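Encoded as structure tokens, the structure appears first; notes follow it.
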Ligand SMILES: *[C@@H]1O[C@H](CO)[C@@H](O[C@@H]2O[C@H](CO)[C@@H](O)[C@H](O)[C@H]2NC(C)=O)[C@H](O)[C@H]1NC(C)=O
Ligand SMILES: *[C@@H]1O[C@H](CO)[C@@H](O)[C@H](O)[C@H]1NC(C)=O
């Protein structure tokens, strides 16, 4: 079950800037001392 | 007669028969 | 050194490109020939194999032509170096702005 | 089929242009040597300049 | 399958190289890293007097 | 009347984009380079260096 809330004074959402964030391993293989480029969903830098 | 040729002549101090300049030359390029 | 580095870097990238050629489908539905043979029977998979063969042949003939051009250029440079060895080193050359 | 035809045309054009590049490089080396010998001095080589 | 000296991160199975060839695989038995190297190299040649 | 402590979370949306990933001798990612953000980044990722 759930209950409802009561209206009140809130804060508007703010907008910030990312700094080299949102990077993960795109696959489950091992790479050493290489520079490999992939096409995958990532987060943009300085977005 | 005054010409120093040790830079281009091979040196027996190292096991390789290389001159120091060609030692640097081989180490320069991959 | 650029003259001693380009002749190695171009060869390395040509070999790497030759390796990269086998990762392409050439319009087929798979890159490796074993997957098509395992998933499709050979009588119907003959056109896929044949297009893979002709794509790999085109890539290899392009690599061979590039290697022949590079061989011709290196042979010209080697002939120039041999003439320089014979004249500039093995004697004194009267040709100004050559040694 | 149009793709493979266009690639064949571009490959034969690239081969032809690279051969012309080799010929132009040979002519350029000959012209540079001719300048450096016949122009920037006097060349002893008979029937060269 | 040689005994390699490089350890894999604990979420990977395969391993590639600079030339992008699967030359390193992880055995699922007891988590050891084994290299992959082809056994057939080059061809034959005959010396005749 | 309630309290929630102090917290802050960021929500970002991913887009289909090519990334150049750097790998070390250990096997982890150290830096990433874009191709559709900066001309310098595009130059870095097209040269694969
Ligand atoms: C020829 O040149 C070499 C330079 O490589 C001289 O060798 C140096 O000599 C000085 C003086 O004793 C030393 O401090 C350096 O360590 C030496 N360097 C090397 C690389 O050996 C050599 O003495 C010169 N010989 C003559 C006859 O002039
Ligand atoms: C990472 O590589 C360095 C360089 O050889 C090595 O000293 C270090 O032990 C490695 N770390 C791990 C966790 O393998």
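Chains as they are written, first to last, in PDB author numbering: chain A, 14 to 60; chain B, 798 to 827; chain C, 945 to 1043; chain D, 995 to 1043; chain E, 552 to 600; chain F, 257 to 305.
Built from N, CA and C at the ideal position, the CB exists for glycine as well.
If residue i sits next to residue j, beta carbons under 8 Å apart, how far is it from one beta carbon to the other, in whole angstroms?
i	j	result
residue 42 of chain A	residue 563 of chain E	6 Å
residue 276 of chain F	residue 289 of chain F	4 Å
residue 989 of chain C	residue 981 of chain C	6 Å
residue 2 of chain A	residue 271 of chain F	Outside the displayed range of chain A (14 to 60) lies residue 2 of chain A, so it cannot be described from this structure.
Closer than 7 Å: is that where the CB of residue i sits relative to any heavy atom of ligand 2?
i	result
residue 282 of chain F	yes
residue 814 of chain B	no
residue 278 of chain F	no
residue 558 of chain E	yes
Is there at least one non-hydrogen atom of ligand 1 closer than 7 Å to the beta-carbon of residue i?
i	result
residue 804 of chain B	yes
residue 801 of chain B	yes
With distance defined between alpha-carbon atoms, name the residue in the options nearest to residue i.
i	options	result
residue 278 of chain F	A:51, A:18, A:59, A:25	A:51
residue 824 of chain B	C:964, C:1039, C:1043, C:945	C:945
residue 21 of chain A	F:258, F:298, F:292, F:262	F:258
residue 956 of chain C	E:590, E:569, E:591, E:554	E:569
residue 1017 of chain D	C:1016, C:948, C:968	C:1016
residue 968 of chain C	C:951, C:1000, C:1038, C:1004	C:1000
residue 57 of chain A	F:264, F:282, F:274, F:299	F:274
residue 46 of chain A	F:272, F:281, F:270	F:281
residue 992 of chain C	C:1004, C:979, C:1033, C:963	C:979
residue 962 of chain C	C:1002, C:977, C:949	C:1002
residue 566 of chain E	E:585, E:600, E:589	E:585
residue 996 of chain C	C:1005, C:974, C:987	C:974
residue 976 of chain C	C:959, C:960, C:994, C:987	C:994
(message) Output needed in chain order: residues of the region 970-985 of chain C with a Cβ under 9 Å from some Cβ in chain E.
(response) none
(request) Report yes or no: do three or more beta-carbon pairs, one from the region 996-1015 of chain C and one from the region 1003-1021 of chain D, lie closer than 8 Å? (result) Yes: at least three Cβ pairs fall under 8 Å.
(request) Could you run through the region 32-51 of chain A and flag, in chain order, every residue whose CB is less than 8 Å away from some CB of chain E? (result) 38, 41, 42, 43, 44, 45, 46, 47, 49
(request) Inspect the CB distances between the region 570-589 of chain E and the region 20-27 of chain A and report whether three or more fall short of 8 Å. (result) no
(message) Check whether the region 590-597 of chain E and the region 562-576 of chain E are in contact - that is, three or more C-beta pairs closer than 8 Å.
(response) no
(request) Name, going along the chain, the residues of the region 261-277 of chain F whose beta-carbon falls closer than 9 Å to a beta-carbon of chain A. (result) Those residues of the region 261-277 of chain F that come within reach of chain A (Cβ to Cβ, closer than 9 Å) are 266, 268, 269, 270, 271, 272, 273, 274, 275, 276, 277.
(request) Identify each residue in the region 291-302 of chain F for which the Cβ-Cβ distance to at least one residue of chain A is less than 7 Å, and report them in chain order. (result) 293, 301
(message) What are the residues in the region 571-590 of chain E lying within 7 Å of chain A by C-beta distance?
(response) 575
(message) Does the region 801-816 of chain B come into contact with the region 292-303 of chain F, if we say contact requires no fewer than three beta-carbon pairs (one atom in each stretch) closer than 8 Å?
(response) Short answer: they don't touch.
(request) With 9 Å as the limit, tell me which residues of the region 956-971 of chain C have their beta carbon closer than that to any beta carbon of chain E; keep them in chain order. (result) 959, 960, 963, 964, 967
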